[PDB]
There are 4 protein chains.
Amino acid sequence: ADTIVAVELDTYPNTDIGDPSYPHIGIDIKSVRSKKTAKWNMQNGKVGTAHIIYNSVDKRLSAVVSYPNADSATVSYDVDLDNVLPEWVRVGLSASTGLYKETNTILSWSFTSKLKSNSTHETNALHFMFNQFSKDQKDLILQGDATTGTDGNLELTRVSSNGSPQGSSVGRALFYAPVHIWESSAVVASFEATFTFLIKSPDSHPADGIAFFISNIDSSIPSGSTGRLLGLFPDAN
Amino acid sequence: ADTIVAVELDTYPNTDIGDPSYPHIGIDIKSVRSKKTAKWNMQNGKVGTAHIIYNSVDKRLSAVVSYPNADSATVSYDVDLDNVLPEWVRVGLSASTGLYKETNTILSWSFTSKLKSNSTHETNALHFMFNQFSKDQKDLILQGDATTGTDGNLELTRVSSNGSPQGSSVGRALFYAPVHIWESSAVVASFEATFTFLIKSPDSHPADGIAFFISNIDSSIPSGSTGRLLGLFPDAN
Amino acid sequence: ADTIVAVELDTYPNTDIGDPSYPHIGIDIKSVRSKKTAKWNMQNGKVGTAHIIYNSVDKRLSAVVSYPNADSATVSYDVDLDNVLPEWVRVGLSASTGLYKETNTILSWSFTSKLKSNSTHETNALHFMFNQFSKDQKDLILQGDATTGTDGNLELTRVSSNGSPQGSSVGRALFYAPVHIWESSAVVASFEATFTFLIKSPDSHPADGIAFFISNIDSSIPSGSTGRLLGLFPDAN
Amino acid sequence: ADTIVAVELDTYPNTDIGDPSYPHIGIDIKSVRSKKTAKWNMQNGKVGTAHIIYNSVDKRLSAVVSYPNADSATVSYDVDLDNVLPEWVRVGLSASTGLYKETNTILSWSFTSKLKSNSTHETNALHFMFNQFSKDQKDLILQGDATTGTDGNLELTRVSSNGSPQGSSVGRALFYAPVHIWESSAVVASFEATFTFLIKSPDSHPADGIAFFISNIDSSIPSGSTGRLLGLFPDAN
Ligand SMILES: [Ca+2]
Ligand SMILES: [Ca+2]
Ligand SMILES: [Ca+2]
Ligand SMILES: [Ca+2]
Ligand SMILES: [Mn+2]
Ligand SMILES: [Mn+2]
Ligand SMILES: [Mn+2]
Ligand SMILES: [Mn+2]
């Protein structure tokens with residue numbers, strides 16, 4: 001039902017469904033089986049940063065993930081989003097845990113989209129930036145186990161009182177306002193997203209990951225999408 | 001019921017309710033009877049621009065209106081918005097006509113709000129800019145007679161096929177996402193709004209005006225607020 | 001001597017040096033002989049808009065040129081600017097006339113460059129926007145025949161009192177501050193430029209064109225670069 | 001000679017020249033004897049943040065300084081900068097030490113100035129943001145003992161190898177490009193500056209302070225302005 005385009009930070013290798021045998025970043029177009037992936041040297045307990053960029057002229061979705069003092073990981077995929085997504089969409093973050101677990105903490109999130117028309121100086125834009133989340137964040141649609149306010153952070157999946165991450169959890173956060181990514185008179189459409197995250201697990205095998213995604217405006221968590229499905233897909237096809 | 005703070009571009013002098021005897025700009029705090037006004041040399045048929053600014057440190061709401069090749073008009077009022085408005089609000093534009101009429105056309109509208117916390121680099125922001133409006137503008141809540149899409153403009157009040165403005169009309173447009181204007185750890189909160197408009201009337205006496213306003217999130221047009229009430233107030237108290 | 005990367009809006013076809021036989025837009029890397037070009041339906045006397053974009057992840061320089069009510073023209077070229085340009089550069093606009101002529105008027109110009117480091121939230125940026133130019137524009141380095149202030153515009157090449165464009169003219173405008181386009185710890189570097197122009201000629205054959213360019217910081221107009229050389233190259237190799 | 005407007009973070013009370021008997025923030029208009037001050041609970045060794053704002057409509061220069069987990073300090077002063085400063089100015093940071101000392105480390109610095117003209121959509125802007133400084137920062141004019149690059153920070157005054165601050169030191173950093181703060185057709189001019197700093201001293205009595213300042217473009221450090229004069233004034237009048 002839902003149309004999903006996402007950049008996944010996959011912490012657990014499910015080789016039975018196409019994941020490489022190591023943590024990786026990937027670009028998912030309507031399927032959890034990434035169209036392209038790159039090895040990611042994930043660091044348990046460290047704050048990392050992900051940057052996602054795209055523009056309608058080049059038609060290439062690219063993402064870069066890094067941690068301080070370390071080399072980055074990058075992945076790119078040629079795709080025309082006009083042919084995949086509706087004209088109006090919502091953007092958000094999703095995460096899940098299953099048998100294995102980890103905290104999926106978001107410390108900041110910014111997004112900027114621009115539509116440049118052929119009229120002189122005619123440019124439409126939307127920009128939001130969160131460097132702190134409140135208990136009652138009215139401009140976010142929280143789904144599943146996601147909550148905001150703990151230490152000013154956004155916890156996508158369940159975490160107990162003692163800070164311990166729970167398994168079989170799924171949660172998403174979408175920006176309240178729909179986003180216009182295509183318009184008939186637009187000559188250039190582009191967006192850039194950045195978010196900082198903290199994945200921590202008491203185990204040697206963290207799971208399952210975090211994903212930045214773009215979807216139809218009325219998207220909701222598919223049934224049974226905990227674990228390897230990242231709260232984004234109904235199955236592994 | 002609704003809590004309204006607005007900057008009015010009042011084209012018709014209703015001296016019976018406190019308006020000066022000439023077109024004027026004014027600052028309205030919960031009442032159509034402006035707390036402060038300034039003479040405005042309105043130009044029928046010309047595109048004008050209004051700028052509104054405010055910050056929590058100075059606690060002064062100021063507005064400047066101008067037309068190309070002409071001197072500007074300015075008005076300021078000392079007011080602490082924390083004591084007038086809720087923590088979360090919606091921002092919008094409103095206009096009305098009555099026995100007398102005019103077109104209340106909006107050609108562009110931008111808004112920027114910022115909340116700077118005491119945490120290092122911790123800043124929250126929201127910014128939107130419309131230089132063109134579509135027939136289906138999903139990020140705007142249109143109320144009353146307001147419509148978008150005609151020539152790429154936002155028509156706040158009714159205009160016939162031949163471009164002729166109708167009387168007894170009222171319409172408003174609010175940005176979809178609520179806006180956070182106060183937070184317990186914020187050291188500075190501020191906003192700036194800019195919109196360009198075209199007020200045109202076939203008559204020597206245009207009415208009634210356009211207003212930029214901030215209100216509780218669930219604000220709706222009060223009954224009988226056409227004409228002198230600008231689609232904002234239930235009465236003239 | 002100078003290192004030049006430029007996007008040319010070439011109004012005169014010099015087929016003897018590789019130009020296609022029609023006005024065109026092209027990407028020039030250290031040579032006036034464009035690495036790639038696209039047909040451009042230039043409109044004499046109309047205000048057009050050019051958009052240029054690039055990022056270090058995709059390594060693709062793309063440009064889009066359009067006029068109101070018309071289809072756009074686009075050109076892209078895969079090039080790693082890190083391998084062509086120095087770490088610090090200046091950005092500017094250049095234009096020329098020769099035997100044939102045209103006005104090379106710039107009405108607005110904006111530029112944004114960003115360097116995102118691997119440190120958390122660590123981002124460096126520079127942004128400038130001119131929608132009007134003054135007689136004494138201290139933040140611009142004017143070279144050759146370029147002047148600012150006439151009607152608030154930037155005239156890159158000589159125009160007489162009666163508004164008539166002169167031949168054999170060359171002029172450039174560079175932003176005063178050097179721009180940092182590469183840094184050892186940067187994970188993503190990108191820039192976007194936009195400018196609106198008005199090319200008008202009394203003749204059926206306008207020449208020679210306008211170009212947005214990036215160069216070493218101490219770049220100056222090469223001798224004899226009027227005409228087909230666009231004020232950028234010392235010869236046609 | 002120089003014309004100086006500055007916001008001082010004064011760490012040492014020189015009661016003989018008008019300082020209150022405690023660390024304080026103040027607004028200086030052409031004299032080190034602040035026109036207005038406010039008590040500042042300075043924290044040795046902690047990273048603080050200063051915000052400075054001003055607009056031509058309200059004509060009020062305000063500043064807010066804070067540290068994480070602490071209440072802020074604010075100071076405001078009504079002053080028309082058009083009557084004090086030239087049309088073109090440079091903005092910068094200055095610091096000094098004398099008999100007593102402290103490190104005057106700047107970790108980030110951002111600035112935004114806007115000039116809104118009466119022409120439709122006509123707005124000029126300049127914005128820069130440094131979250132990291134390089135050894136060779138070509139867009140900064142360093143004066144005196146100021147250096148960049150150590151740990152990616154800007155050290156305004158001398159610090160030895162072991163990180164120990166030196167006395168009798170003075171240094172300033174100005175942004176390379178001049179800034180336009182007034183224009184004949186501007187209806188609103190405004191600026192906002194933010195910088196984070198780390199003042200650390202091995203002594204119970206740190207000195208002398210840091211100041212954000214605006215000056216004529218060719219401003220240089222006055223002779224003998226170490227110590228209480230903050231590298232800004234030639235004497236204490
Ligand atoms: Ca997986
Ligand atoms: Ca009235
Ligand atoms: Ca040519
Ligand atoms: Ca002192
Ligand atoms: Mn995967
Ligand atoms: Mn009134
Ligand atoms: Mn050519
Ligand atoms: Mn003092």
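Below, chain A is the first sequence line, B the second, and so on; all start at residue 1. Heavy atoms only: backbone and side chains are in, while hydrogens, waters and symmetry mates are out.
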Beyond-backbone contact of C:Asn131 with D:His121, side-chain heavy atoms, under 4.5 angstrom: no
Flag if over 12 foreign heavy atoms under 6.0 Å of CG, C:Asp218: yes
Contact origin within C:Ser119 toward chain D - heavy atom pairs under 4.5 Å: side chain
Proximity of residues 138-150 of chain D to chain C, residues having a non-hydrogen atom under 4.5 angstrom: D:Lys138, D:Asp139
Contact leader toward chain C among D:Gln132, D:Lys114, D:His180, where contacts are heavy-atom pairs under 4.5 Å: D:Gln132
Exercise: identify the closest heavy-atom pair between D:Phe175 and C:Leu126: CZ-CD1, 4.3 Å
Crowding at CG, C:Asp71 (>12 non-hydrogen neighbours, <6.0 Å): no
Winner by heavy-atom pair count (cut-off under 4.5 Å) against chain C, out of D:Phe130, D:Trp88, D:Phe128, D:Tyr176: D:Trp88
Can you give the donor-acceptor pairs under 3.5 Å from side chains of residues 183-190 of chain C to other protein atoms, not counting sequence neighbours?
unit_1, atom_1, unit_2, atom_2, d
C:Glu183, OE1, C:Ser185, N, 2.8
C:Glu183, OE1, C:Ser185, OG, 2.7
C:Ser185, OG, C:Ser117, OG, 3.0

Value rounded to 0.5 Å, distance of CG in D:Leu115 from OG in C:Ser134: 8.5 Å
